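Chains as they are written, first to last, in the numbering used here: chain A, 1 to 223; chain B, 1 to 214; chain C, 1 to 213. In this text, a Cβ means the ideal position worked out from N, Cα and C, and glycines have one as well.
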Amino acid sequence: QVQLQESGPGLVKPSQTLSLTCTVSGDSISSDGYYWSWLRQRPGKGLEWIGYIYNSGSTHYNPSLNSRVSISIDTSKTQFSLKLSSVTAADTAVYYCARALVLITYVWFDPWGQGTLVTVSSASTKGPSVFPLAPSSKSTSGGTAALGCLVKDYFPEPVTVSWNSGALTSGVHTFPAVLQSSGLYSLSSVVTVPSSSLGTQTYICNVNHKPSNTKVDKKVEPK
Amino acid sequence: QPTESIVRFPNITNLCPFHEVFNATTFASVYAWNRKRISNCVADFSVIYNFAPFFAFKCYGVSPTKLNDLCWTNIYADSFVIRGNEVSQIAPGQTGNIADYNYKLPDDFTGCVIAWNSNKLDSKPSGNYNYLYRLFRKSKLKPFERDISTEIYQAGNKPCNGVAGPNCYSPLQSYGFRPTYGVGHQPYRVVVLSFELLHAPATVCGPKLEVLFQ
Amino acid sequence: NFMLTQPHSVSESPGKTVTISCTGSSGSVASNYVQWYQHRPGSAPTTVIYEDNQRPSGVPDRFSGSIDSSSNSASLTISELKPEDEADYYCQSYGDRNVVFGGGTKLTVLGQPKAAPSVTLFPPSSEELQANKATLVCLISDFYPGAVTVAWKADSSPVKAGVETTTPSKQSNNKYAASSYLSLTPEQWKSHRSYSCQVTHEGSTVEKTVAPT
Ligand SMILES: *[C@@H]1O[C@H](CO[C@@H]2O[C@@H](C)[C@@H](O)[C@@H](O)[C@@H]2O)[C@@H](O[C@@H]2O[C@H](CO)[C@@H](O[C@@H]3O[C@H](CO)[C@@H](O)[C@H](O)[C@@H]3O)[C@H](O)[C@H]2NC(C)=O)[C@H](O)[C@H]1NC(C)=O
Ligand SMILES: *[C@@H]1O[C@H](CO)[C@@H](O)[C@H](O)[C@H]1NC(C)=O
Ligand SMILES: *[C@H]1O[C@H](CO)[C@H](O)[C@H](O)[C@H]1NC(C)=O
Ligand SMILES: [Cl-]
């Protein structure tokens, strides 16, 4: 099946140009009936169409954004991109790419990317500081124990946290961040593991802050 | 035991001439609706995307989602002008003056119906009387039938001897399209696409055909 | 121009049937195909209905779309309702040379059983102490309904300064989670006998304690 993947900068200064890209796999762009589309969801708002492009090169964009929008297809035919100029805070949103089936007035979006959050702000990016949250068998079902990571003082959202490079997924729980009065975020991620393994198995949390190009791989040692 | 033949498939860059149907300088009166055969071409609907502020598009007997994968022996494009409040009649199983006396889609219809408002083209403030429809007929039309007789209608009991008058009407009414009307009485251009698949080699395919050549 | 309007929220009990309507203005919704998208927080939106009433493979027959021209509406209907059906649902169509989305409806599946919270309390790591900060981390999860109160103690006295607490939010399993952070200096942390995180939910209390070394 075709699969869509956004990617682009977490943070954009007000009045500059947002640039995103969709990478298409399992398929390629061609003059086969399908269009290639950007949409977005602003915070507390609903889904909002931006524009789409057909391989003929014809574009159609949302009237309320049309002046600032420009969509294009890469000559490899495995990517298309979005440019949105003169952004303000009102353009802060999760931006989605999608495939669109388009016939006269029938447009059906499917499948969608997972979205990438874009923040319009005058502030600068700050990477996180990561601290171990060391084993406590004082709270969990039995032959089991909880350990974790404290992801502290970063901006903007989001941070990504996997454990053992993604090999560890059962028991992972990443909590919604707190937004400090400072204006920075913090969150925690915790994993539940078998206590017999605590001596013979290494637990690492992998923190990725894409906005600051910061990665931290913190080993959580039993205290 | 049957065959499936590509001997008459189209060149992939040879797109169906839908645009020429849609931007015709003048459309037919609905009583004399006009039909155009479309064949030996790829049915890529991008050629009329956003061609006008379309009002309605619905398909019957085929799913628009599957269309681009599909092939046909022919497509038939019928086009005419009707009143705003009559568009709902260009569908299977309707009644009213347009569906009974002018243009009747069959119950097993396989095809789509596109309509758009064309006030800014088809209505003079003097009033465009050139567009007509048939008000009176002795009986309902059969599916896809056409009637272009201008015989005086005998509403009453006394023969009319071909002369109009009390209970003897000309059977065609004009729309007198003036731009100030309600949308229900404004002119809408309509295009009905028929998708036909006989037991013969197909000559029209959706743009999905285009991927094989890569 | 052509707009589609949905109610902001709808709710129903598991096993019952709920309907979400989508009402047009400045246009006839029966004139152009309507789609329905399901959107779970944190996930790609997906399709439950296209072409007014067609179901993609994988979408159960409990979902069904209908159109009603007499009231100029479109309806998504969900029967044999499940807690995993909680999501925002959007209708979408086209009109006046523009893609048109309804504003969305949040669906809430009620009658869920009450679930008590799990509290895990972590002390400052030695490395955070070496960086002249001290954070106590209180993680609360798996409770329902989504209402907790969190209160902190130094020794036996209430601590109100330096507390950041989240409001509850649903996990993937349809229970709620929350976290609470207490900020000390390393000198405060080292100078008390203990600190305590006390979580209250539906009239019950859990209290966990930690102490230096
Ligand atoms: C697919 O396309 C080919 C040819 O495509 C040609 O090049 C394109 C870039 C476009 O410019 C096309 O318009 C153009 O035709 C079609 O084949 C062609 O068929 C005609 C007959 O119908 C051939 O004409 C012949 O030409 C000689 C030259 O003196 C005459 O004396 C003959 O009497 C005869 O009419 C033409 O040569 C031929 N072209 C090629 C390259 O074979 C083909 O029909 C089309 N496929 C379909 C399904 O329509
Ligand atoms: C209709 O279609 C094509 C556009 O490429 C052209 O041949 C013709 O001039 C068009 N008609 C008008 C009135 O523009
Ligand atoms: C298949 O091929 C034969 C030739 O042997 C005939 O043209 C027949 O009518 C074909 N059938 C179809 C459905 O294309
Ligand atoms: Cl205090």
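Close-in-space but distant-in-sequence residues of the same chain around residue i (CB under 7 Å, 5 per side omitted)
i: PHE143 (chain C); result: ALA115, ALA116, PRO117, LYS175, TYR176 and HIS201
i: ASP155 (chain C); result: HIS192, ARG193 and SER194
i: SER79 (chain C); result: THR17 and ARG62
i: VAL59 (chain C); result: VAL48
Residues of its chain near residue i, where Cβ-Cβ distance is below 6 Å and the 5 sequence neighbours each way are ignored
i: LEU150 (chain A); result: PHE131, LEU133 and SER188
i: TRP163 (chain A); result: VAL172, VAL191 and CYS205
i: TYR95 (chain A); result: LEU20, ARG40, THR116 and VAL118
i: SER93 (chain C); result: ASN32, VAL34 and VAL100
Beta-carbon contacts of residue i that lie in its chain and below 8 Å, excluding the five residues immediately before and after
i: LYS152 (chain A); result: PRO128, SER129, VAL130, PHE131 and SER186
i: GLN154 (chain B); result: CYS160, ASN167 and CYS168
i: residue 221 (chain B); result: Any question about residue 221 (chain B) goes unanswered here, given that chain B covers just 1 to 214.
i: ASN14 (chain B); result: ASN40, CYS41 and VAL42
i: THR205 (chain C); result: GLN198 and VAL199
Inter-residue Cα distance where the pair is residue i and residue j
i: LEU182 (chain C); j: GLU12 (chain C); result: 38 Å
i: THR180 (chain B); j: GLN173 (chain B); result: 19 Å
i: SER88 (chain B); j: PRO9 (chain A); result: 49 Å
i: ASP52 (chain C); j: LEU136 (chain C); result: 53 Å
i: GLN3 (chain A); j: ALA24 (chain B); result: 41 Å
i: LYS223 (chain A); j: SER126 (chain C); result: 9 Å
i: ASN157 (chain B); j: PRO166 (chain B); result: 11 Å
i: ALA177 (chain A); j: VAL207 (chain A); result: 14 Å
i: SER70 (chain C); j: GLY103 (chain C); result: 22 Å
i: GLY51 (chain A); j: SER70 (chain A); result: 8 Å
i: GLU128 (chain C); j: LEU184 (chain A); result: 18 Å
i: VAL120 (chain A); j: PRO14 (chain A); result: 6 Å
i: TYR49 (chain B); j: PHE80 (chain B); result: 20 Å
i: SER30 (chain A); j: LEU184 (chain C); result: 59 Å
i: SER212 (chain A); j: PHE155 (chain A); result: 8 Å
i: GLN94 (chain B); j: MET3 (chain C); result: 27 Å
i: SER64 (chain C); j: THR169 (chain A); result: 35 Å
i: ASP27 (chain A); j: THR46 (chain C); result: 19 Å
i: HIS19 (chain B); j: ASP85 (chain C); result: 44 Å
i: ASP44 (chain B); j: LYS66 (chain B); result: 13 Å
Extent of the continuous beta strand (DSSP E) run through residue i
i: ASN173 (chain C); result: No beta strand (DSSP E) holds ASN173 (chain C); DSSP gives it neither H nor E.
i: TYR61 (chain A); result: 59-61
i: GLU20 (chain B); result: Run containing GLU20 (chain B): none in the beta strand (DSSP E); it sits in the alpha helix (DSSP H), 18-22.
i: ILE71 (chain A); result: 69-73
i: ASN164 (chain A); result: Where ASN164 (chain A) is concerned, there is no enclosing beta strand (DSSP E), given that its DSSP letter is neither H nor E.
i: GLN188 (chain C); result: No beta strand (DSSP E) holds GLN188 (chain C); the alpha helix (DSSP H) holding it covers 186-191.
i: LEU67 (chain B); result: Premise fails: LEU67 (chain B) lies in the alpha helix (DSSP H), 64-67, not in any beta strand (DSSP E).
i: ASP78 (chain B); result: 74-83
i: residue 226 (chain C); result: Given that chain C is displayed from residue 1 to residue 213, the structure contains no residue 226 (chain C) and the question cannot be resolved.
Partner residues on chain C for residue i, Cβ-Cβ distance less than 9 Å
i: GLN114 (chain A); result: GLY42, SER43 and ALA44
i: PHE57 (chain B); result: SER31, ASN32, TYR33 and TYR94
i: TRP49 (chain A); result: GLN92, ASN98, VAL99, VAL100 and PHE101
Chain B contact residues for residue i, given Cβ-Cβ distances below 9 Å
i: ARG97 (chain C); result: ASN50, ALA52, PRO53 and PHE54
i: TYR52 (chain A); result: Residues of chain B passing the Cβ test: none, with the nearest at roughly 10 Å.
i: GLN54 (chain C); result: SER63 and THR65
Listed by chain order, chain A residues near residue i by CB distance under 9 Å
i: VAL119 (chain C); result: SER139
Residue i: contacting residues in chain A (beta-carbon distance under 8 Å)
i: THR65 (chain B); result: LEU101 and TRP108
i: residue 215 (chain C); result: Summary: the structure shown does not reach residue 215 (chain C), with chain C confined to residues 1 through 213, and so no result is reported for it.
i: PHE9 (chain B); result: Result: empty, since nearest Cβ-Cβ is about 16 Å, beyond 8 Å.
i: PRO207 (chain B); result: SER31, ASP32 and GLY33
Cross-chain neighbours of residue i in chain A, by beta carbon under 7 Å
i: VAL137 (chain C); result: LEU133, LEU150 and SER188
Per DSSP, the bridge partner or partners of residue i
i: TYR33 (chain C); result: DSSP, once it has assigned bridges, lists no residue as partnering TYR33 (chain C).
i: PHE155 (chain A); result: A:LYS126
i: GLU196 (chain B); result: B:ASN74
i: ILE204 (chain A); result: A:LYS219
Terminal residues of the alpha helix (DSSP H) in which residue i lies
i: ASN119 (chain B); result: 119-122
i: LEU47 (chain A); result: Unbroken run through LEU47 (chain A) is the beta strand (DSSP E), 47-54; no alpha helix (DSSP H).
i: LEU129 (chain C); result: 126-130
i: residue 261 (chain A); result: For chain A, the structure presents residues 1 to 223; residue 261 (chain A) sits outside this window and is missing.
i: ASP88 (chain C); result: Careful: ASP88 (chain C) lies outside any alpha helix (DSSP H), inside the beta strand (DSSP E) at 88-94.
Within chain C, the residues that residue i reaches when beta carbons sit closer than 8 Å
i: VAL12 (chain A); result: Residues of chain C passing the Cβ test: none, with the nearest at roughly 22 Å.
Per-residue contacts from residue i into chain E (C-beta, under 7 Å)
i: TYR50 (chain C); result: Protein chains A, B and C are contained in the structure displayed, whereas chain E is not.
Partners in chain B for residue i, counting only beta-carbon separations shorter than 7 Å
i: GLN198 (chain C); result: Neighbours of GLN198 (chain C) on chain B: none; closest Cβ ~57 Å, over 7 Å.
i: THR105 (chain A); result: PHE54 and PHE57
i: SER56 (chain A); result: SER46
Amino acids of chain B, ordered along the chain, whose beta-carbon sits closer than 8 Å to that of residue i
i: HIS60 (chain A); result: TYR49 and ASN50
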